[PDB]
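Residue numbers (our numbering): 333 to 442.
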């Protein structure tokens, strides 16, 4: 005898809006001093669509975080998402969309 919550107590705006999967843009890897890049990963950049200004957002998570094999338009939410200015600080002209570095990628539990 005990009552289990069938839903959520409160709502949080961490979900951004509707975050739905599109593809895996690119997994950037550890570059060797000699020049050539290694087979080991550094960060993983994903393609996610969000409701708002109509921009496809580039979500990058560190190598310590495993890959998530999600289906197309699967609803996800980010633990600690931050929109950076470090990418556009080293790149110029290639930055057609904006970058968001995240902690971990999970499914929308709310």
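Beta carbons are placed, not taken as given, at the ideal position from N, Cα and C, and that holds for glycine.
{"Item": "Residue nearest to residue 420 in terms of C-alpha spacing, selected from 376, 399 and 390", "Value": "390"}
{"Item": "Pick from 392, 428 and 384 that is closest to residue 357, judged by C-alpha positions", "Value": "392"}
{"Item": "The stretch 356-371 touching the stretch 422-432, judged by at least three CB pairs closer than 8 Å", "Value": "no"}
{"Item": "Whole-angstrom distance between residue 379 and residue 354, CA atom to CA atom", "Value": "5 Å"}
{"Item": "8 Å Cβ cutoff met for residue 362 and residue 442", "Value": "no"}
{"Item": "Cβ-Cβ distance between residue 349 and residue 386 below 8 Å", "Value": "no"}
{"Item": "Whole-angstrom distance between residue 376 and residue 399, CA atom to CA atom", "Value": "8 Å"}
{"Item": "Beta-carbon spacing of residue 438, residue 411 below 8 Å", "Value": "yes"}
{"Item": "Helix, strand or coil at residue 371 according to DSSP, with G and I counted as helix", "Value": "strand"}
{"Item": "DSSP-derived helix/strand/coil call for residue 417", "Value": "coil"}
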